[PDB]
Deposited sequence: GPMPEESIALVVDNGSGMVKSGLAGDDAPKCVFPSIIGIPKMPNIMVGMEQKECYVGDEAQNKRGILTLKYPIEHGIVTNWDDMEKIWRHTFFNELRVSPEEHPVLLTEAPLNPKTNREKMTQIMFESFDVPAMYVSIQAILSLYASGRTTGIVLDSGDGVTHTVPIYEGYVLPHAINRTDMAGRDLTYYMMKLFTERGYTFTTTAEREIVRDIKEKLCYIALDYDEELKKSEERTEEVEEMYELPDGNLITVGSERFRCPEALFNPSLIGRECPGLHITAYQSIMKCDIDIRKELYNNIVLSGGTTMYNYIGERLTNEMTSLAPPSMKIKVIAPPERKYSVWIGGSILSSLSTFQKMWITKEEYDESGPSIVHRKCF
């Protein structure tokens, strides 16, 4: 009390205080190199003089020096909070390597002098946030998409699937689609423009072949104008649904891995048959890339066509989908029973970074 909640992602950092409705400070997980030194949005504005660095790739920390800088910026510049005076809740990807779990614990205690910390699996926090202890979470962010079967509060690690296609790949796909139109979005800022185009204008086609026919005939019923920062207008037509379609058919961008629905189906099949029924009934979407309109209905139809006859399929798509991980964490670290769940400074000093394991 009061616990700090930090959800570290491949592209975005979700941070705030335990007991809040939402994260108060949401900023990109980027380091700007003209060490570091520019961190956050300030590395996006003065990006013309710097080169961008991402300490987290596909949900996994690959640079601990830069990661440690993101944390310092999170505490000092964003939350404006002394970390040695607060317990800190962190998040990790499913199947996170133990070396990174120990390094994360080491940094918090040794570099930040944190009184107490705890690490939660992201998918689990999302399920909790939806008010469930059992279900299959489809976490889909900027750098990685995870399919996590969870039973009675614990992930089933052998059934977890991972695909490295996500939001960033979709952004580049849209850039590719705009390239064949004559445009040349290539720079740092230009990539950010297209990303905004994707978030604002895109949607999931219920029937892709039918929508593709519709856009080629009644084109006016799909076309939307987008105002570029220079004032010019670009027409966006079939790109609106062709871009997020790659989530269901990755072959569009030249990937061999199966689509979102197939990968979820195979995870369910890797689970005990006695729980598959409950998993179909509790499919929970999380992450920014699951925000596309009509994605819940599309997935629902896809899963039904794969599932056994008369199987009940429910896809839950919470409006706060982008922050479900943080929210689940805020609730978790606010509970009266979580006081004794923390890993204390005392427990670290006589066990080391190997303390995270239980």
Unmodelled spans of the deposited chain sequence come out as 1-6, 41-51, 376-378
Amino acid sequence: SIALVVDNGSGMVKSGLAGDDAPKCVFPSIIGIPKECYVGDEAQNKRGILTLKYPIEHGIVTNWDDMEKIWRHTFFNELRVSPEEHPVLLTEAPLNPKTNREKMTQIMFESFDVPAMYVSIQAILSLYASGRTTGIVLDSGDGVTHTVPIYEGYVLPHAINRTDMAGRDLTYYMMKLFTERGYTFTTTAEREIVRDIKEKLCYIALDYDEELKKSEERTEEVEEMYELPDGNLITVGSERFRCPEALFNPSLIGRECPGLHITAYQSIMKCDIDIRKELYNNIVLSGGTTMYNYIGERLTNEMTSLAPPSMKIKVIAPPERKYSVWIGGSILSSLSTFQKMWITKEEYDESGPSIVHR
From here on, numbers count along this sequence of modelled residues.
Going by the entry, of stretches 65-73 and 318-326 the one with greater average Cα B-factor is 65-73
Look over 12-20 and 335-343 in the entry and identify the one with the greater average Cα temperature factor.
335-343
The largest CA temperature factor among 152, 190, 142, 196 is found at 190
Looking only at 239, 227, 169, 84, the Cα with the top B-factor belongs to 84
Looking at the C-alpha B-factor of residue 235, is it in the lowest, middle or highest third of its chain?
middle
Hey, what third does residue 300 fall into on Cα B-factor, ranked over its chain?
lowest
Can you tell me whether residue 131 has a C-alpha B-factor in the lowest, middle or highest third compared with the other modelled residues of the same chain?
lowest
Quick check on the deposited entry: does the C-alpha B-factor of residue 38 sit in the lowest, middle or highest third of its chain?
highest
Going by the entry, which third of its chain does the Cα temperature factor of residue 59 land in?
lowest
